[PDB]
2 protein chains.
Amino acid sequence: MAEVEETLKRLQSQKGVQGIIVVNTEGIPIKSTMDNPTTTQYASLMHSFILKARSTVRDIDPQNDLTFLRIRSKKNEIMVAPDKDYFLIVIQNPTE
Amino acid sequence: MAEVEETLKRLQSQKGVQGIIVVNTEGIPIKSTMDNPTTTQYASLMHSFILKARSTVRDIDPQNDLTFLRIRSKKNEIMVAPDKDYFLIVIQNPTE
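Residues numbered from 1 in each chain as written, not as in the entry; some residues may be left out. Chains lettered and ligands numbered in written order. Heavy atoms only, no water.

- For this deposited structure, the header cites solution NMR as the method used.

- The name the PDB entry assigns to chain A is Dynein light chain 2A, from the organism Homo sapiens.
- Turning to chain A, the UniProt annotation filed under Subcellular location states: "Cytoplasm, Cytoskeleton".
- As recorded by UniProt, the Sequence similarities comment attached to chain A reads in full: "Belongs to the GAMAD family." (UniProt positions renumbered as here; feature names shortened; annotations may be inferred.)

## Examining the pattern of salt bridges
Pairing is possible between side chains that carry opposite charge, provided their charged atoms lie close to one another.
And step 1. A full pass over the atoms with the stated rule returns 2 salt bridges over all chains.
And step 2. The closest approach of N and O atoms between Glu96(B) and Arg70(A), which form a salt bridge, is 3.2 Å. With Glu96(B) in the segment after strand 5 (86-92) and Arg70(A) in the loop between helix 2 (36-60) and strand 3 (77-82), this residue pair bridges two chains. (Salt bridge = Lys/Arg side-chain N within 4 Å of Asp/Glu carboxyl O. Helix = DSSP H or I, 4+ residues; strand = E, 2+ residues; numbered from the N terminus.)

## Here's the deal with the interface of chain B and chain A
And step 1. Taken residue by residue, the interface counts 24 residues in chain B and 26 residues in chain A.
And step 2. Taken over both partners, the interface formed by chain B and chain A buries close to 2300 Å², and the fraction arising from carbon and sulfur atoms is 65%.
And step 3. The three residues of chain B that bury the most area against chain A are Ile60(B), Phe68(B) and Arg72(B), which together make up 22% of that side's buried surface.
And step 4. For the pair chain B and chain A, the number of links is 1 salt bridge.
And step 5. At the junction of chain B with chain A, the criterion picks out 7 residue pairs in polar contact. (Contact = heavy atoms within 4.5 Å. Buried area = accessible area lost by both parts, 1.4 Å probe. Polar contact = N/O pair within 3.5 Å; in protein donor to acceptor, adjacent residues only side chain to side chain.)

## Details of the sheet that holds strand 1 (residues 17-24) of chain A
Residue and element names in this part refer to chain A.
And step 1. Overall, antiparallel pairing links the 4 strands, which are arranged 2-1-4-3 in an open sheet. Strands at the two margins of the open sheet, each flanked by one partner only, are strand 2 (31-32) and strand 3.
And step 2. Contacting strand 1, strand 2 and strand 4 (86-92), helix 1 (residues 2-13) runs over the sheet at an angle of about 165 degrees to strand 1.
And step 3. The strands touched by helix 2 are strand 1, strand 2, strand 3 and strand 4; relative to strand 3, the strand with the most contacts, the crossing angle is about 55 degrees. (Pairing = 2+ DSSP bridges. Axes fitted to C-alpha atoms, helices over the stretch in contact; angles between N-to-C directions.)

Now the structure itself:
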C-alpha cells in the first residue's frame, strides 16, 4: 500500500495527474482519488480491461505475459497494468 | 496504403522490428510481413482487440474515442491504433 501512496503523492503533487485508482484481487478499490461514480466504474472497467485483453494476448503467442496496457484517449491517458495482486491506474494528460 | 508501406520499408530496414501487419475494417490483411499462420492469427484477434476495448471505453464515458492501443509484452511490444480505414500494427522490441 505504502508503495502506491509514495507514487500517488508525487503524482497528485505534479500538474497533469487527474486521479489514481488502485484495485485489489477482490475487485475492491483499496484506494482512489477520482470521483465516486468515476472510481467505482473504473475499478471494474479497468480490471476487466486487463482481464479481457489478457485472454486475447494468449492468442498472439504461446508464451506471453501482460505487464502494461495503455490507451491514449481524447480526454486523457489512463495507464493500467497487472501488478503483484492489484491493478494500478494512473490517469493524466496525454503525452503523445 | 502507400503510407503504411513507406513505414514498413524503413522498419524492415532497421533492427528490432519483428513484423508489420496492415488490416482493414473488413478483416483483409492488405499487407503483412509475418508468417502465413502468424498473419491470419494476428489479423484475426486484431479486429477482436479494438472491438473489445472500444466496447469497454463506452462505459468510461459517452463522449470519447480511442486513438492509441499499446500492450507491452514479454516477447515484444505490439502497438495498434485506428487509421483512416485500416488498423496499423507495429511489432518490435520493447522501448519502456
